[PDB]
Novice: 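First the structure, which I've put down as C-alpha cells, then a few questions once you've had a look.
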Protein chains: 2
Amino acid sequence: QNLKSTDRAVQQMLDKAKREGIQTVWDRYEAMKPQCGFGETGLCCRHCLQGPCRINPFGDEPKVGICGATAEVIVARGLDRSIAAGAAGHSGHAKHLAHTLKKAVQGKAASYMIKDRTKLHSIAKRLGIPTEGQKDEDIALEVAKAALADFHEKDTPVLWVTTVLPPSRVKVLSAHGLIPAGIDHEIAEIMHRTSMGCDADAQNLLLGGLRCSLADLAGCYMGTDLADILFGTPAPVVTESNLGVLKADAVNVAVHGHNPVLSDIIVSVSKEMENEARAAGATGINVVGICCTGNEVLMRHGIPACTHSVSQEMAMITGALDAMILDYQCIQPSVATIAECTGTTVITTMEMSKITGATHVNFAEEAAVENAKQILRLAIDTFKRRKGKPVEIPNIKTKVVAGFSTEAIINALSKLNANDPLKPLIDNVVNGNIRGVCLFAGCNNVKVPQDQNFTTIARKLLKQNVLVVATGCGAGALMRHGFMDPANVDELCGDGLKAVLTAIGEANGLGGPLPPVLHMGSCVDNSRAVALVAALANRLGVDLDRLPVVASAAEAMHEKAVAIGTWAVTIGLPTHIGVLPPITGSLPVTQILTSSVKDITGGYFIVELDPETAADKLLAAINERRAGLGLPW
Amino acid sequence: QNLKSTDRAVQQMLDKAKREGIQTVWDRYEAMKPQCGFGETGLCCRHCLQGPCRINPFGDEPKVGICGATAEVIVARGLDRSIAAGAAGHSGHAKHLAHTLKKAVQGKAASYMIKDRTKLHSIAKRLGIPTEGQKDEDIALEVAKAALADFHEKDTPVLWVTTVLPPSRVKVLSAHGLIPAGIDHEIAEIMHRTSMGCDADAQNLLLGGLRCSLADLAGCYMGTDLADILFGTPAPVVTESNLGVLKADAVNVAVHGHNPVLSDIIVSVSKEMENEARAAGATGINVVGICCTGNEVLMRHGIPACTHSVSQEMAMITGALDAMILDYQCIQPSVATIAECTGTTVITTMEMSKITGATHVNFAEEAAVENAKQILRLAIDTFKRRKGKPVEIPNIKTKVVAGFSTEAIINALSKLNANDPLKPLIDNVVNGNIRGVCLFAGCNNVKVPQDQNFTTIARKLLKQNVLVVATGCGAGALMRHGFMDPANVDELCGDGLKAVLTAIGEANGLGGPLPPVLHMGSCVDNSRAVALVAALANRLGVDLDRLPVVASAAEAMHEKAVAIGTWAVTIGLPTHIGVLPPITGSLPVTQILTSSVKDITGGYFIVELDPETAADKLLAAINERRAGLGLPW
Ligand code: SF4
Ligand code: SF4
Ligand code: FES
Ligand code: FES
Ligand SMILES: [Fe+3]
Ligand SMILES: [Fe+3]
C-alpha cells in the first residue's frame, strides 16, 4: 500500500478497505490500466459528431482530424477547455460569495456579516470605491456589485486582475492582448473558439488560454477577498491533521468541497448543538476538514484536517465518520456508494452539485442556521446508529501551524522592521539565507504515490534554504507529513532558512521558529501568494518575472489546477507540473508552453514527473533568477 | 462518389480532387476508421488528469471512472459540455451583433445603421422598452444594452427566453427550474458542474443542460433580432444554388462562416468595386455564399449559395474561387492547406478565429468599408494570377426561392385573411390539407452520404402533406436538390399541401405556388421557426407541446446543432436526430432524453439513423399530436 500512498493512516485504511471488499480510487485506477494513449497525449477530439477523432503520436494514419484539425490545434483546444472549466469552478465559487455578501448587507441573510471591516475598506480602496463618509453596508454593497460586474463585459477590464498586479505586469499583459474582459465572457469565448471550425492556430488558441487563466486568477482573488470580508482574514493558528483527529466518542462531521459560505456556519452552529449531541450519547460534535473547505475552516478556526484529495474515501473506512457535508468540486462521487457500506450520511447542499444516492438538503444563505441544524441532526442520528459498533481510527496525526495569510506574513515580518515589513525578507534573499520562494499548489493524483512528489521536492528545496509556502492539497500533503510542525525545523531546513524562521518566530514571541512550510490557505488562496509576490515586486521596482519565485503543482489533477498553473506562468513564474498534462502529442504546443511563452510573459512550464529531477529544475530556475538580479547563488 | 455525396456537383469535384491528389474530408474520414467506440458511445472522460477514463459498453472492467463517475454521469457531463459549447458559439455571434448595433448608434461605426425601424420598435415593445417620444438611436441603444444584459445575472431572467415563448410555456419551464439566469452565466455553470467532483446525478445534470439549451435559444433569437434591425428583415427572394453559380470570368468571392456584420458589408462594397474588378480583366465581383453567412446574404440580398457544410472544400477544387472570406464556426481548417493547391486566398477576419497558413485581415466594424476593400483587393489580385488557367466549374445549379422570415410568412398568409393571418394555416391543418409542420435544421455529417437523410425524409413528409420549413445547412441540402423551386411542387407535394401552397402563391400574385420547402434562414434563424410556432400556440390558446410540429436535425454535426436539438425538446417538440449523439453508452440517459423528458417539457428526442424509418417516426409524432387535438389523421 506504500505504492499507493505515503500516508501511514491511509495505508492502514487501505488494508481495512481491502479485507472488507470496499473498492477504492486506487482499485478503480488499476482497473483502468492501460489507459488510452490518444487521450494521455492529447491527440483525441470529440468536439463534433463526426468524431471521435484521434491522431497517432507516431507512425501512419490517422495523422489529422476529419475536419482538418492538426495535432497542434487539437491539443491546444483541449487544453483551453480545461482552463475554461477551471476558471468556471472558481467563477461559481467567487460568485456564490459575492451573492452571499450582497444578501447579508441587504438584510436578507442575517447569519452572515462583515467580520473584517479593515479588509473591506482596503478592497474598496484598491478598486477605487469611496469609503469616507459611507456606511460599511453601502461600501460592501458596492464591493459586491463590483465583484459581480467583473463577470461580464463593461467599460473597464476585470478589476480583480488589473488592480492586483503591478502596473508594469498589467502593461506586458495588455500589450499581448491578455487582460480578460469579463470572467464568464472569457469562459464562453474559449468554448466558442475551440468549437468545430473556429480557431485553428496553436499560438492564437494558447494566447486565449492565457487570458482565460487570468479570468481564473480573478475568481480566485475575488473568492479570497470576499471570504475574508465575511469570515475573517486568517492569522496564525495551531491544530492537527490526519485521520487520528477523528474521535470515536464524538459525532464526527466532515466538511468537504469548497465554499466557506457553508463550512463556516457548520462550524459555529455545531458549537451551539453540543448539548443536543451529548443528549444523544456523544461527547460533542467534532467537525473535521477535507479538501479546500477544510482548509478554509482550518485557516480561520483551527478546525483539524482529516484528509485530502485522493485519500478522501479513507475517512469513511474508519467507521467513525457520521456525516460528510458537501458543496462542490473535488468530491469523488464514489463517496455516495461507500457510505452504504460504512454508515456515513453523505449530504449534498448545492443545487448544481448532487450525487445519486446521497441525501440532499438545500442550503440557502437566507436560512443558513436552520439548514445547518437540519444537517447536523442527521449526523447525530447517524452517530446513535453506530452505538457499540467498533471503529478503526488510525492513531496517527501531526501538529499543524497554519493561518499564514499575506496580512499575517507581513505582520510577522513587521516585528523585525515595523515600517518596511518586506525588507527583512528581501535582506535575507540578498544575503542568501533565503535562496528563493516556492509555492506548492494543487492536488494529489492517483497516478503518483500520494504525497511523494510534494515531500520529495519540498525536502530538497528546504535543505537549499528555499522559503516554501503551500495551499490546497499541496498544503494538505505537507501538513500530514509534519512540514507545518516547527519541531521539525532542525531536521528539514538549511542553516540559513532556519536562521530566518527562528529570527521571525523569536520576534513574534514564540520562543521558537515559524514552521518549515507556511500554509497560505485554500486553492483560491493561491491568490494570497500572488498578493505577496506582487507586493515584493512593487517594493523592489521590478516585475514578477525577475523575482526568484517558482510554483509547483507537483501532483496535479483537477481542471482548476491546470488553470492555476497557467496563470502562474502568465504572471511570470517558472511553474512545475509533476503529472503529464495532455500536451505531449504536439511538440509545437509543448515548445510554446515550456519555452517560447518565456518571451511573452516571462513564465514557463517545467514538465517533470521525476521529483528529484523536478527539484533540481526548480532550483535552477530560482538560481537563474538570482543571477539575473546580480546575486550570488 | 455517390456513397460520399448525393450532390452531382460535389461528385464531379470529388473526381477532380482524387486525380489531383488533394485530400478531402471524406478521405480524412476513411483514414480515421474504425473510430473509437468509447467516444462514439459517450463512455470516455478526460475531465481531469487522472484520466483518460473509459467504460466498456458491455463486458468486464473498466465499469466506472477512476473518481467513481458512473456511465450515467460521464455521458451526461459530456453532453452538457457540448450544449454549453453550442450556446457559446451563439453567445459570440449575438454579442458581436449587439456591440455592432451599439457602436452604430453611438456614431462609432457609420457603415452600419438601423435598416428595419419597424423591427426595432417591435423588439423594444416586446422587451418593455418605451418608444413613444424617443429617438430611434436611443431605442436602439436601450435594445443593445438589454441584449448585453442578458449575458449575466440581473434582477430579471434572460428576456430573450421569457419574452419570446408564451406565458404558459414559461410557467412550465420555471416550475422545473429551467429558465436561464444569464447566457454566459449558464455556460460557465455547465463547465463548473461537469468538472471533476461536482454534479454526479444524471437527472440533475440533464436539467442543467436543458436550461443551458435555452441560453442557446436566447442567443439565436437575439442574433436574428439584431441582424434584422441592422441588415433588414428577409422577404421573398429568387436566386440560385450549387457550384454552377461560380463564374470563370468573374472574381469569385465566397463569404463563409456566420456573422452578417461581415458578409453584409462585403456584399455592398463589392458592388462599388465592380469597375476596379473590370480594370483587372474580370466581369465584376461575384459574391457567393457558403454555410450560414451565405444563408444570411441569400435571405436578405439573393446572393447565390455555392455550397454548404461537409462539401465546402469542393468550391476551391473548381480552380475558380479567388477568395474565401471567413469569420467563425463550421470552417474546415483544411481550407488553409487546400488553398495552396487551388490558388484560393483564404482570409480570416476575427481575432478569436485564425487558421495557420491563412492571411489575416482584422475586420473592425469601425472601419468595415476600408477593411472590406483591402480584402476584396486581395481577391482581385488572385483572379489576375489565374488568367489563362482552365477551371472546372460543374455546370450544375438549382433555382431557389427563399426569404421566408416569419414576418414574410405572416404577410403571405395575410393575403388570404388580412386581420387573422394565422387562421388560413390553422384552417388547413384542421381540414387535413396540412398534416403538420416539420423544421429541418443543422448540418451535413461525413458519416452520412451528403444530403441523403434530408431529402429522403423530406420527400416522404411532403407526400403526406407536411408543411416543411428549413434553416442552415438543412436548407442548403434541400435547396441544392430543387426543394426550393416551385416548379417541383407537382412532383414533390401531396395534393392537400399543393392546394395550400398554390392558394397562398396565387393570392400573392405569383401565378404559381410557394416552393415545396420554406427557407427560414440561417441557424440562428431557427429562432424564426420558434416565433412562428409560438404565434400559432398563442393564437390557439395551447402550449407548443400540443401542436403538430416536429424538428429534424437529420445529419447533425456541430455542438451548435446539439444545443438547437436540445432546446427544440425543451420548448416542447418531438426532435429527430439522424446521427448518433454520444449517449448510447448509458441507457438511463438515453431513456431520459427519448422518453421521460416528455413528462418535463412535452418534447423528446427521436434517435434514428435510417431515414425512411425516421420519416415514419416523425409522421407518427405529428399524427399523435393531431389526435391529441381531436383531429383526423
Ligand atoms: S472538431 Fe474536427 S477533429 Fe474534432 S471531432 Fe469534429 S471533425 Fe474530428
Ligand atoms: S473526472 Fe473522473 S471519470 Fe473523468 S477523467 Fe477524472 S477520474 Fe476519470
Ligand atoms: S481515443 Fe481514447 S481518449 Fe479518445
Ligand atoms: S478512449 Fe477513445 S474517445 Fe477516449
Ligand atoms: Fe480545492
Ligand atoms: Fe451555421
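So that the names make sense, note that chain A is the first sequence line, chain B the second, and so on, each numbered from 1. All ligand and atom numbering here is 1-based and tracks the order in the structure.
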Novice: Determine the interplanar angle of the A/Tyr328 and B/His192 rings, folded into 0 to 90°, and report it as parallel if under 30°, tilted if 30 to 60°, perpendicular if over 60°.
Specialist: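 Perpendicular.
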
Novice: Between A/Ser213 and A/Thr566, do the side chains contain an N or O donor and an N or O acceptor separated by less than 3.5 Å?
Specialist: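 No, no side-chain donor-acceptor contact under 3.5 Å.
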
Novice: Can you sort out the partners of A/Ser309 under side-chain contact (heavy atoms from CB on, under 4.5 Å), two or more places apart, ordered by chain and number?
Specialist: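 Partners of A/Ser309 by the side-chain contact (heavy atoms from CB on, under 4.5 Å) criterion, ordered by chain and then number, come out as A/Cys443, A/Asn444, A/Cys473.
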
Novice: Enumerate the salt bridge (charged side-chain N to carboxylate O under 4.0 Å, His left out) contacts for residues 59-80 of chain A, please, sequence neighbours excluded, ordered by first and then second residue.
Specialist: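 Sorted pair list comes back empty.
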
Novice: At a cut-off of 2.8 Å, what protein N/O/S atoms sit near atom 2 (Fe) of ligand 3?
Specialist: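 Metal shell, protein only: A/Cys36 SG.
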
Novice: Quick one: salt bridge (charged side-chain N to carboxylate O under 4.0 Å, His left out) pairs with a partner in residues 551-565 of chain A, sequence neighbours left out?
Specialist: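 Every salt bridge (charged side-chain N to carboxylate O under 4.0 Å, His left out) pair that includes a residue of residues 551-565 of chain A, provided the two are not neighbours, is A/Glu559-B/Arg81.
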
Novice: Inspect the contact between A/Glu313 and A/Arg28 and indicate whether a charged nitrogen and a carboxylate oxygen are less than 4.0 angstrom apart.
Specialist: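 Salt bridge: yes.
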
